[PDB]
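Novice: The file below is my_file30.txt, compact mmCIF, C-alpha atoms and all ligand atoms:
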# COMPACT_ATOMS: atom_id res chain seq x y z
CA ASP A 1 -43.04 47.01 6.96
CA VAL A 2 -45.80 48.23 4.63
CA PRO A 3 -47.35 45.21 2.85
CA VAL A 4 -47.04 45.40 -0.94
CA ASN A 5 -47.81 43.00 -3.80
CA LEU A 6 -48.54 39.92 -1.71
CA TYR A 7 -50.55 38.83 -4.76
CA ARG A 8 -49.77 39.71 -8.38
CA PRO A 9 -51.84 39.56 -11.63
CA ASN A 10 -50.21 36.30 -12.77
CA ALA A 11 -51.40 34.49 -9.62
CA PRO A 12 -54.11 36.57 -7.90
CA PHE A 13 -55.80 35.75 -4.63
CA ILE A 14 -59.24 34.21 -5.16
CA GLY A 15 -61.56 35.86 -2.67
CA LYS A 16 -65.26 35.33 -2.09
CA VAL A 17 -67.88 38.08 -1.96
CA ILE A 18 -69.53 38.26 1.46
CA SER A 19 -71.81 41.24 0.82
CA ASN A 20 -72.67 43.89 -1.78
CA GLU A 21 -74.73 46.81 -0.44
CA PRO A 22 -75.92 50.08 -2.03
CA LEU A 23 -74.49 53.37 -0.76
CA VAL A 24 -76.55 55.76 -2.90
CA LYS A 25 -79.98 56.31 -1.37
CA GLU A 26 -83.20 56.78 -3.33
CA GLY A 27 -83.17 60.05 -5.24
CA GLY A 28 -79.42 59.94 -5.76
CA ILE A 29 -77.42 59.93 -8.98
CA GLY A 30 -75.79 56.71 -10.13
CA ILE A 31 -74.81 53.51 -8.37
CA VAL A 32 -72.07 53.15 -5.74
CA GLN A 33 -71.73 49.86 -3.88
CA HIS A 34 -69.92 48.79 -0.71
CA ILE A 35 -68.49 45.33 -1.39
CA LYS A 36 -66.88 43.11 1.25
CA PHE A 37 -64.63 40.16 0.39
CA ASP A 38 -63.49 37.17 2.47
CA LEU A 39 -59.69 36.90 2.77
CA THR A 40 -59.48 33.62 4.68
CA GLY A 41 -57.42 31.01 2.86
CA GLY A 42 -54.88 33.61 1.81
CA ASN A 43 -52.34 35.92 3.44
CA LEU A 44 -53.45 39.26 2.00
CA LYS A 45 -52.74 41.98 4.57
CA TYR A 46 -52.97 45.72 4.01
CA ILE A 47 -53.07 49.11 5.69
CA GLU A 48 -55.14 52.28 5.41
CA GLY A 49 -54.80 54.31 2.23
CA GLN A 50 -53.75 51.43 -0.01
CA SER A 51 -55.52 49.97 -3.05
CA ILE A 52 -56.08 46.50 -4.49
CA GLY A 53 -56.57 45.33 -8.04
CA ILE A 54 -59.61 43.47 -9.35
CA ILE A 55 -59.35 41.40 -12.53
CA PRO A 56 -62.77 41.21 -14.21
CA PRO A 57 -63.70 38.17 -16.33
CA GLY A 58 -63.99 38.20 -20.11
CA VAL A 59 -62.07 39.70 -23.02
CA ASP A 60 -61.97 43.24 -24.41
CA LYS A 61 -63.10 44.39 -27.86
CA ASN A 62 -59.89 42.88 -29.25
CA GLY A 63 -60.38 39.46 -27.67
CA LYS A 64 -57.61 40.12 -25.15
CA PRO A 65 -58.07 39.19 -21.46
CA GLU A 66 -59.23 42.10 -19.32
CA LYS A 67 -56.51 43.62 -17.14
CA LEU A 68 -56.82 44.67 -13.52
CA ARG A 69 -58.44 47.91 -12.40
CA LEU A 70 -57.30 49.48 -9.12
CA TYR A 71 -59.71 50.36 -6.31
CA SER A 72 -58.93 52.20 -3.09
CA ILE A 73 -59.42 49.94 -0.08
CA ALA A 74 -62.51 51.08 1.85
CA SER A 75 -61.83 49.17 5.07
CA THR A 76 -59.20 49.56 7.78
CA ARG A 77 -56.53 46.88 8.04
CA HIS A 78 -58.87 44.91 10.33
CA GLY A 79 -61.85 44.88 7.97
CA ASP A 80 -65.34 46.26 8.60
CA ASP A 81 -65.96 43.69 11.34
CA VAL A 82 -62.56 44.29 12.95
CA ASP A 83 -61.67 40.60 12.66
CA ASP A 84 -58.74 40.81 10.23
CA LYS A 85 -60.65 38.49 7.88
CA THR A 86 -62.01 40.76 5.15
CA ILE A 87 -61.45 43.72 2.86
CA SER A 88 -63.97 46.15 1.39
CA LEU A 89 -64.31 48.37 -1.66
CA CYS A 90 -66.43 51.39 -2.58
CA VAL A 91 -67.23 51.06 -6.29
CA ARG A 92 -69.11 53.45 -8.58
CA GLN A 93 -70.64 51.95 -11.71
CA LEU A 94 -69.01 53.85 -14.56
CA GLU A 95 -71.44 54.98 -17.25
CA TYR A 96 -71.49 57.50 -20.08
CA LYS A 97 -72.54 57.53 -23.75
CA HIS A 98 -72.41 58.86 -27.33
CA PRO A 99 -68.82 60.23 -27.12
CA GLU A 100 -67.54 56.64 -27.15
CA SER A 101 -70.38 54.35 -28.27
CA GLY A 102 -73.98 54.09 -29.49
CA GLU A 103 -75.46 55.50 -26.30
CA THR A 104 -75.06 54.59 -22.62
CA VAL A 105 -71.75 52.76 -22.12
CA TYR A 106 -71.03 50.72 -18.97
CA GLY A 107 -67.55 50.28 -17.52
CA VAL A 108 -66.41 46.65 -17.53
CA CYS A 109 -64.88 46.14 -14.09
CA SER A 110 -67.14 48.57 -12.22
CA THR A 111 -70.31 47.04 -13.67
CA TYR A 112 -68.97 43.57 -12.84
CA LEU A 113 -68.29 44.64 -9.26
CA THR A 114 -71.47 46.64 -8.61
CA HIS A 115 -73.63 43.70 -9.74
CA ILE A 116 -71.58 40.92 -8.17
CA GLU A 117 -73.48 38.43 -6.02
CA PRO A 118 -72.43 37.17 -2.57
CA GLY A 119 -70.64 33.83 -2.85
CA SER A 120 -68.92 34.76 -6.12
CA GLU A 121 -65.17 34.30 -6.49
CA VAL A 122 -63.12 37.36 -7.41
CA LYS A 123 -59.50 37.75 -8.54
CA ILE A 124 -57.69 40.17 -6.22
CA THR A 125 -54.15 41.59 -6.44
CA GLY A 126 -52.04 43.82 -4.22
CA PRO A 127 -52.13 45.61 -1.98
CA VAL A 128 -50.43 48.56 -3.66
CA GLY A 129 -49.54 52.15 -2.88
CA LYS A 130 -47.50 54.17 -0.40
CA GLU A 131 -48.86 57.56 -1.48
CA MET A 132 -51.90 57.73 0.80
CA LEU A 133 -50.55 56.37 4.08
CA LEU A 134 -51.74 57.77 7.41
CA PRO A 135 -49.13 58.96 9.91
CA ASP A 136 -48.62 56.87 13.04
CA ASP A 137 -48.59 60.11 15.03
CA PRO A 138 -51.81 60.27 17.13
CA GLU A 139 -51.50 64.06 17.36
CA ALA A 140 -51.23 64.76 13.64
CA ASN A 141 -53.85 66.91 11.92
CA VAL A 142 -55.47 65.34 8.87
CA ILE A 143 -57.18 67.32 6.13
CA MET A 144 -59.26 65.22 3.73
CA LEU A 145 -60.54 66.66 0.45
CA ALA A 146 -62.72 64.09 -1.27
CA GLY A 147 -65.07 63.96 -4.22
CA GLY A 148 -67.38 61.01 -4.87
CA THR A 149 -65.58 57.69 -4.44
CA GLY A 150 -62.60 59.74 -3.25
CA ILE A 151 -64.20 59.26 0.16
CA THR A 152 -62.81 55.70 0.16
CA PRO A 153 -59.36 56.13 1.69
CA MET A 154 -60.84 58.75 4.03
CA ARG A 155 -63.18 56.09 5.42
CA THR A 156 -60.20 53.90 6.32
CA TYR A 157 -58.59 56.83 8.15
CA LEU A 158 -61.72 57.97 9.98
CA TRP A 159 -62.75 54.46 10.99
CA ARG A 160 -59.27 53.75 12.41
CA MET A 161 -59.36 57.09 14.22
CA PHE A 162 -62.90 57.08 15.58
CA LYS A 163 -64.67 53.70 15.57
CA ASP A 164 -65.03 52.29 19.09
CA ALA A 165 -63.95 48.81 17.98
CA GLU A 166 -60.91 50.20 16.17
CA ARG A 167 -59.73 52.23 19.17
CA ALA A 168 -60.03 49.08 21.28
CA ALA A 169 -58.05 47.09 18.70
CA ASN A 170 -55.29 49.68 18.21
CA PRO A 171 -53.81 50.48 21.65
CA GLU A 172 -50.95 52.36 19.99
CA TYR A 173 -53.22 54.66 17.97
CA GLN A 174 -55.62 56.72 20.07
CA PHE A 175 -56.19 59.71 17.80
CA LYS A 176 -56.31 63.05 19.58
CA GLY A 177 -55.52 65.45 16.74
CA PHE A 178 -57.86 67.28 14.37
CA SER A 179 -59.36 65.86 11.19
CA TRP A 180 -61.39 67.87 8.67
CA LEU A 181 -63.28 66.23 5.81
CA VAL A 182 -64.60 68.33 2.91
CA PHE A 183 -66.78 65.92 0.93
CA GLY A 184 -68.30 66.79 -2.43
CA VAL A 185 -71.17 64.89 -4.06
CA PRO A 186 -74.16 65.98 -6.19
CA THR A 187 -76.99 65.24 -3.74
CA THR A 188 -77.67 64.37 -0.12
CA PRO A 189 -78.65 60.81 -1.02
CA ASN A 190 -75.22 60.64 -2.72
CA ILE A 191 -73.42 61.33 0.55
CA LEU A 192 -71.62 58.01 0.88
CA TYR A 193 -71.51 56.75 4.47
CA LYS A 194 -73.52 59.79 5.59
CA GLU A 195 -74.94 58.21 8.75
CA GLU A 196 -71.58 57.00 10.04
CA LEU A 197 -69.73 60.20 9.14
CA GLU A 198 -72.25 62.30 11.04
CA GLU A 199 -72.17 59.86 13.96
CA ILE A 200 -68.42 60.40 14.21
CA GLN A 201 -68.78 64.19 14.18
CA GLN A 202 -71.39 64.07 16.95
CA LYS A 203 -69.14 61.93 19.17
CA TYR A 204 -65.92 63.81 18.42
CA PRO A 205 -66.97 67.43 17.75
CA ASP A 206 -63.52 68.66 18.77
CA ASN A 207 -61.52 66.15 16.73
CA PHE A 208 -63.57 65.89 13.54
CA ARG A 209 -65.15 68.54 11.34
CA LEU A 210 -67.45 67.52 8.49
CA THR A 211 -68.06 69.91 5.59
CA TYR A 212 -70.28 69.10 2.60
CA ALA A 213 -70.31 70.46 -0.94
CA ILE A 214 -73.61 69.32 -2.49
CA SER A 215 -73.76 70.66 -6.06
CA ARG A 216 -77.48 70.12 -6.77
CA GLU A 217 -78.58 71.59 -3.43
CA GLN A 218 -76.15 74.43 -2.73
CA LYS A 219 -74.84 77.48 -4.59
CA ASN A 220 -71.47 79.19 -4.15
CA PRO A 221 -71.15 82.99 -3.68
CA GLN A 222 -70.92 83.33 -7.47
CA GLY A 223 -74.29 81.66 -8.02
CA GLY A 224 -72.78 78.48 -9.42
CA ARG A 225 -73.22 74.96 -8.04
CA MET A 226 -71.26 74.18 -4.86
CA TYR A 227 -68.11 72.07 -5.34
CA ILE A 228 -65.22 71.09 -3.09
CA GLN A 229 -63.05 73.85 -4.55
CA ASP A 230 -65.68 76.36 -3.42
CA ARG A 231 -65.57 75.11 0.18
CA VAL A 232 -61.77 75.23 0.15
CA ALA A 233 -61.89 78.83 -1.04
CA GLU A 234 -64.48 79.52 1.65
CA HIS A 235 -62.07 78.29 4.33
CA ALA A 236 -58.79 79.03 2.54
CA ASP A 237 -57.17 81.00 5.34
CA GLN A 238 -58.05 78.38 7.97
CA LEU A 239 -56.86 75.47 5.85
CA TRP A 240 -53.61 77.29 5.09
CA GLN A 241 -53.09 77.96 8.80
CA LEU A 242 -53.55 74.26 9.58
CA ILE A 243 -51.27 73.23 6.72
CA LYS A 244 -48.50 75.35 8.27
CA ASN A 245 -48.35 72.98 11.25
CA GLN A 246 -45.37 70.63 10.89
CA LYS A 247 -47.59 67.68 11.81
CA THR A 248 -50.43 68.35 9.37
CA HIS A 249 -51.09 65.96 6.49
CA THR A 250 -53.46 66.63 3.59
CA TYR A 251 -55.14 64.00 1.41
CA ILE A 252 -56.88 64.60 -1.91
CA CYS A 253 -58.80 61.83 -3.65
CA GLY A 254 -61.43 61.43 -6.35
CA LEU A 255 -61.85 62.06 -10.06
CA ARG A 256 -59.07 64.15 -11.64
CA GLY A 257 -59.70 67.86 -12.13
CA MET A 258 -60.25 68.84 -8.50
CA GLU A 259 -56.65 69.85 -7.74
CA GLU A 260 -56.57 73.05 -9.81
CA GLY A 261 -59.26 74.87 -7.85
CA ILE A 262 -57.84 73.69 -4.54
CA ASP A 263 -54.39 75.07 -5.40
CA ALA A 264 -55.80 78.41 -6.55
CA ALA A 265 -57.57 78.87 -3.21
CA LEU A 266 -54.58 77.90 -1.07
CA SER A 267 -52.24 79.95 -3.27
CA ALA A 268 -54.22 83.13 -2.60
CA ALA A 269 -54.16 82.41 1.14
CA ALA A 270 -50.42 81.69 1.38
CA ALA A 271 -49.61 84.72 -0.78
CA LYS A 272 -50.94 87.01 1.95
CA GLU A 273 -47.98 85.94 4.07
CA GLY A 274 -45.43 86.14 1.27
CA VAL A 275 -45.45 82.42 0.51
CA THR A 276 -45.67 80.83 -2.93
CA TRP A 277 -48.00 77.87 -2.46
CA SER A 278 -46.71 75.90 -5.46
CA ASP A 279 -43.24 75.92 -3.87
CA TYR A 280 -44.40 75.22 -0.31
CA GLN A 281 -46.51 72.39 -1.73
CA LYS A 282 -43.52 70.84 -3.51
CA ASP A 283 -41.70 70.68 -0.18
CA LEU A 284 -44.76 69.17 1.50
CA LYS A 285 -44.90 66.46 -1.16
CA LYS A 286 -41.19 65.79 -0.70
CA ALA A 287 -41.78 65.56 3.05
CA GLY A 288 -44.60 63.08 2.50
CA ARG A 289 -47.30 65.37 3.90
CA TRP A 290 -49.26 66.20 0.74
CA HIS A 291 -50.97 63.05 -0.54
CA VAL A 292 -52.81 62.87 -3.85
CA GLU A 293 -54.65 60.04 -5.59
CA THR A 294 -56.94 61.16 -8.41
CA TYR A 295 -58.24 59.15 -11.34
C1 LIG B 1 -55.39 54.46 -7.52
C2 LIG B 1 -56.81 54.34 -8.04
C3 LIG B 1 -57.79 54.16 -7.18
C4 LIG B 1 -59.12 54.04 -7.59
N1 LIG B 1 -60.07 53.88 -6.68
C5 LIG B 1 -61.33 53.72 -7.03
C6 LIG B 1 -62.40 53.55 -5.98
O1 LIG B 1 -62.20 53.50 -4.77
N2 LIG B 1 -63.70 53.40 -6.45
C7 LIG B 1 -64.04 53.44 -7.80
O2 LIG B 1 -65.22 53.33 -8.15
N3 LIG B 1 -63.02 53.64 -8.70
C8 LIG B 1 -61.72 53.76 -8.39
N4 LIG B 1 -60.79 53.99 -9.35
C9 LIG B 1 -61.08 53.89 -10.84
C10 LIG B 1 -61.15 52.41 -11.19
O3 LIG B 1 -59.86 51.85 -11.22
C11 LIG B 1 -61.60 52.07 -12.63
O4 LIG B 1 -60.95 53.00 -13.55
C12 LIG B 1 -63.09 52.45 -12.82
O5 LIG B 1 -63.79 51.68 -11.84
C13 LIG B 1 -63.63 52.17 -14.14
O6 LIG B 1 -63.19 50.84 -14.55
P1 LIG B 1 -64.15 49.95 -15.46
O7 LIG B 1 -63.49 48.69 -15.62
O8 LIG B 1 -65.46 50.03 -14.83
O9 LIG B 1 -64.14 50.78 -16.85
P2 LIG B 1 -63.40 50.63 -18.48
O10 LIG B 1 -64.32 49.54 -18.82
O11 LIG B 1 -61.93 50.50 -18.61
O12 LIG B 1 -63.89 51.97 -18.92
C14 LIG B 1 -63.01 53.02 -18.73
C15 LIG B 1 -62.57 53.54 -20.04
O13 LIG B 1 -63.69 54.06 -20.82
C16 LIG B 1 -63.49 55.48 -21.12
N5 LIG B 1 -64.35 56.42 -20.25
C17 LIG B 1 -64.58 56.48 -18.87
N6 LIG B 1 -65.39 57.46 -18.50
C18 LIG B 1 -65.74 58.14 -19.69
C19 LIG B 1 -66.59 59.31 -19.98
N7 LIG B 1 -67.29 60.08 -19.10
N8 LIG B 1 -66.70 59.69 -21.27
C20 LIG B 1 -66.02 58.97 -22.20
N9 LIG B 1 -65.21 57.89 -22.07
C21 LIG B 1 -65.10 57.51 -20.76
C22 LIG B 1 -61.92 55.59 -21.01
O14 LIG B 1 -61.32 55.11 -22.24
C23 LIG B 1 -61.59 54.71 -19.78
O15 LIG B 1 -60.26 54.22 -19.92
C24 LIG B 1 -59.46 54.10 -8.97
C25 LIG B 1 -58.39 54.28 -9.88
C26 LIG B 1 -57.11 54.38 -9.45
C27 LIG B 1 -56.05 54.57 -10.53
Give the structure from this file in structure tokens form.
Ligand SMILES: Cc1cc2nc3c(=O)[nH]c(=O)nc-3n(C[C@H](O)[C@H](O)[C@H](O)COP(=O)(O)OP(=O)(O)OC[C@H]3O[C@@H](n4cnc5c(N)ncnc54)[C@H](O)[C@@H]3O)c2cc1C

Specialist:
Amino acid sequence: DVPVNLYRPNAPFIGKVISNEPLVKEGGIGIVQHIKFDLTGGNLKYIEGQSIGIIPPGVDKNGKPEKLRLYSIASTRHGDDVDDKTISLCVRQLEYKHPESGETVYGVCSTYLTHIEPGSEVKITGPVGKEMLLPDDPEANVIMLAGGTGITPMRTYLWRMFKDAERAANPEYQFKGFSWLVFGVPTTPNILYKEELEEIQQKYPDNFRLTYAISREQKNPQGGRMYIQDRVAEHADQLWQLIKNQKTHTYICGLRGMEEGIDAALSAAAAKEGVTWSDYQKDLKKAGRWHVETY
């Protein structure tokens, strides 16, 4: 039932860029773009939580063709316009320096994508992934722990759950459970999709809780910068209590290295009731209720 590999690297779908808009506001760190592609002329279908591959042009330092890079799909199955004609991505331009080259180094595929112009043709593969799927159960609870671009699959879940147009398009999925997003970024202008996320919380105060971890603007109880792990520790008992519900699903997404702190916080909470989190977590993963996609 779940669509998978409708297009493969050897014969990708050639999509066209419709729009490329900035998500980081003035005063923010880095570049993160929302890119929408036209799918007409192909049969690429997908669902929330999946990813697609993008094959950038050119050759690598060895003269070998560049391979695909995976990107979490940022749009619901219907696309941002709820017309079943497009697909969107949330791409951060990767950049670093010295440790690997002269000075500032720019990632190949991410730079290609963040600077791509509307009208351009792009090689797309997929969709792929069954690790970050949303339950069909309208009464499920959904915990979302996201850092930076990790917000991407969360957007697909939240839009499907709370956008007026989505609710009208999905008769069978009228969400009535509880969703809690803990989103970590360095600054307020770096809060990707800030306006829409806050709009959802205002309309559904009883079904959606929004918690921020802004490192350059907030300090944790220890005096250090505020990160997602700090917010999880702050609400460890509550999160653990929600996780105990048989219908609760948890999703973690973003750059690797965020899982350790999250586990330490939940472990301390579960231990108070004689439960070893690492073991409970293994069962949750086996049951398909603990979803992780870090990179
Ligand atoms: C399932 C999945 C989903 C993903 N979803 C998204 C998403 O929604 N949005 C998004 O922006 N990205 C996402 N990513 C990451 C994305 O696939 C690419 O890895 C990323 O965009 C960089 O690719 P590039 O082509 O720009 O970089 P490359 O040109 O391949 O550069 C990356 C390479 O350079 C090195 N490098 C990278 N950072 C550093 C550093 N700080 N210091 C030193 N060396 C470094 C490493 O050798 C790395 O392999 C996802 C990855 C996976 C696996």

Novice: Show me, as lines of an AutoDock Vina configuration file, the centre and edge lengths in Å to one decimal of the axis-aligned box that covers every listed atom of ligand LIG 1 (chain B) with 3 Å on each side.

Specialist:
center_x = -61.3
center_y = 54.4
center_z = -13.5
size_x = 17.9
size_y = 17.4
size_z = 23.5

Novice: Excluding residue A:233 and any residue of its chain fewer than 2 positions from it, enumerate the residues within 12 Å of it, using only C-alpha atoms, and give them as a ChimeraX atom specification.

Specialist: /A:182,213,220-222,226-231,235-240,260-269

Novice: Could the residues in this selection be written to a file with C-alpha atoms, as a PDB file, keeping the file's coordinate frame?

Specialist:
ATOM      1  CA  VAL A 182     -64.600  68.330   2.910  1.00  0.00           C
ATOM      2  CA  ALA A 213     -70.310  70.460  -0.940  1.00  0.00           C
ATOM      3  CA  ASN A 220     -71.470  79.190  -4.150  1.00  0.00           C
ATOM      4  CA  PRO A 221     -71.150  82.990  -3.680  1.00  0.00           C
ATOM      5  CA  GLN A 222     -70.920  83.330  -7.470  1.00  0.00           C
ATOM      6  CA  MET A 226     -71.260  74.180  -4.860  1.00  0.00           C
ATOM      7  CA  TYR A 227     -68.110  72.070  -5.340  1.00  0.00           C
ATOM      8  CA  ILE A 228     -65.220  71.090  -3.090  1.00  0.00           C
ATOM      9  CA  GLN A 229     -63.050  73.850  -4.550  1.00  0.00           C
ATOM     10  CA  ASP A 230     -65.680  76.360  -3.420  1.00  0.00           C
ATOM     11  CA  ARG A 231     -65.570  75.110   0.180  1.00  0.00           C
ATOM     12  CA  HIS A 235     -62.070  78.290   4.330  1.00  0.00           C
ATOM     13  CA  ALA A 236     -58.790  79.030   2.540  1.00  0.00           C
ATOM     14  CA  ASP A 237     -57.170  81.000   5.340  1.00  0.00           C
ATOM     15  CA  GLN A 238     -58.050  78.380   7.970  1.00  0.00           C
ATOM     16  CA  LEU A 239     -56.860  75.470   5.850  1.00  0.00           C
ATOM     17  CA  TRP A 240     -53.610  77.290   5.090  1.00  0.00           C
ATOM     18  CA  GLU A 260     -56.570  73.050  -9.810  1.00  0.00           C
ATOM     19  CA  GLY A 261     -59.260  74.870  -7.850  1.00  0.00           C
ATOM     20  CA  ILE A 262     -57.840  73.690  -4.540  1.00  0.00           C
ATOM     21  CA  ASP A 263     -54.390  75.070  -5.400  1.00  0.00           C
ATOM     22  CA  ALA A 264     -55.800  78.410  -6.550  1.00  0.00           C
ATOM     23  CA  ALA A 265     -57.570  78.870  -3.210  1.00  0.00           C
ATOM     24  CA  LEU A 266     -54.580  77.900  -1.070  1.00  0.00           C
ATOM     25  CA  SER A 267     -52.240  79.950  -3.270  1.00  0.00           C
ATOM     26  CA  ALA A 268     -54.220  83.130  -2.600  1.00  0.00           C
ATOM     27  CA  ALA A 269     -54.160  82.410   1.140  1.00  0.00           C
TER      28      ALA A 269
END

Novice: All residues within 8 Å of ligand LIG 1 (chain B) are required, counting all atoms listed in the file; please report them as a VMD selection string.

Specialist: chain A and resid 32 51 53 56 69 to 74 89 to 97 99 to 100 106 to 112 129 149 to 153 254 293 to 295

Novice: My list of candidates is A:224, A:57, A:3, A:177. Which is closest to residue A:43 when distances are computed with only C-alpha atoms?

Specialist: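 Closest to residue A:43 of all the choices is A:3.
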
Novice: Given all atoms listed in the file as the basis, pick out the residue of A:48, A:283, A:206, A:83 nearest to residue A:2.

Specialist: A:48
